[PDB]
């Protein structure tokens, strides 16, 4: 009648609430009337069309939303969109109803809410206990229909907008939490805590504990440490099965929501359980997809967080050891900043003759040396050509210097004068034409390190000092230079592609082990044919013997100096060569040999080298003749020797 169309229009006038719940009251309360039903309520059919939900019964807006599987007798309504009555009952729907309900069920009118839009039962409108003459009519059903035909659109939309308002909210939630667990990849311990806090507020649990699978067992240290079998109890099952587990009653216990962690694959890597719901009977079957959502970020973060500990742990042990090879070398910040005072200086300002074969590196001050190295590499365009952080480079140089010990001869001062030669060779013989830049770098870096941590060596041959060992010692020096590169902010080969970096290691390993006179002798016959048959810049092999050769030549480079200079150094070579050890455990008439020993060295070792050098580099002849000369001075000092 136009009369129902009075009360209805009156209704919709009133349904102006923003809350789908408060709208439901008005609609219910109006039916509670027009059907003489004691109590009325709507069971909203789930999005997945597989569950019923009821948040408002009668004139009471339930504290917690009641829900339950979309059964059969109550689940057939949804299907044929036909209205049923109590006499059409399972004892379940009758149990789960009068339970959710709260009383005697004598009557019941189920009229399906079918949308004119989607066109499907969206809600199950229920009327119970007909006030009095328990008689729900074929018209009691009509009034219901009629009501929703107008009222349903809005009801549903205010309800839906409220679902997206929630959905939108559990993301900003997660967006937040994602950004909080990721700010602690530093500390699996802090992170592990975050996961707990966050996991507790997200679901609103009384308590969360988190277990990290440790092989065949769960360890929720969460402060003490708690081991236990990986397959035992709740945690063990969930961990074993890799699938969530929800508990209504567990039997201040009650409920437990427990979920897996799993990694990139689906390998459960940990497990977490929440106990007891706050403001609730259990865990919203929504508190599961939300927990699963979260649980992705827990697995992502734990996985990397642990994988980062493993490194830091290891890498630490790696240096605990490496500082052992260091005699703990002290290169203080003040030390390096002091040397590195924005002025690397230029070689030109070092000295006029600083670059001519007639220079005597030992002639400089010892505190003015590490500079020269910076200005020597600088001018060889190596700092910029390779983008060498200076704070690092100046730290290397100071460390390599503090790495030399103190014998007469085998001291840092020998390493500098050996490197300075290398430097000379570079300029004077223009090495850029014969070898790649990375070689001239390694050759020089080697000169700087070849005798590191040396302590001095000692019917004998000089090429047993200034020379060989079993390569044992050459391997040491190389090994020591490595410890330096392995020291923080000292690795000057920081940015080299792994490609360069490796070869930068091999190069240095070869060159330094090349400083073994016993090795030189071995390749010597190879160093000749190359001298005989040019020197292929394309020949990878020829590069090797050149680099050996140059090294050797820098190493005994003191043979090419002035007589009075070689005279002075020979003192140091021989002061060393003749002393100490384990002999300690219990010379003038044996310094008489210093001449023959010396003469023999030059003739047999030293000259055959400078001969070669000038047999490849004619610019290198001045060195040979210098060696051949000094040889003759030595020859005279030998005349004074008896026979």
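Residue numbers count along the first chain shown, from 1.
- Per the record, residue 222 and residue 223 are separated by 4 to 9 deposited residues that are missing from the model.
- Gap between residue 458 and residue 459: 4 to 9 deposited residues without coordinates.
- Higher mean CA temperature factor, per the PDB entry, when comparing 596-604 with 59-67: 59-67.
- The question of which stretch, 441-449 or 558-566, has the higher mean Cα B factor is settled in favour of 558-566.
- Residues shown: 302, 169, 296, 339. Highest C-alpha temperature factor in the entry: 339.
- For the set 360, 502, 370, 98, the PDB entry assigns the largest Cα B-factor to 98.
- In the deposited entry, the Cα temperature factor of residue 582 sits in the middle third of values across the chain's modelled residues.
- When all modelled residues of the chain are sorted by CA temperature factor, residue 74 is found within the highest third.
- When all modelled residues of the chain are sorted by CA temperature factor, residue 343 is found within the highest third.
- Among the modelled residues of the chain, residue 391 sits in the middle third by CA temperature factor in this PDB entry.
- Residue 498: CA B factor in the middle third of modelled residues in this chain (values from the PDB entry).
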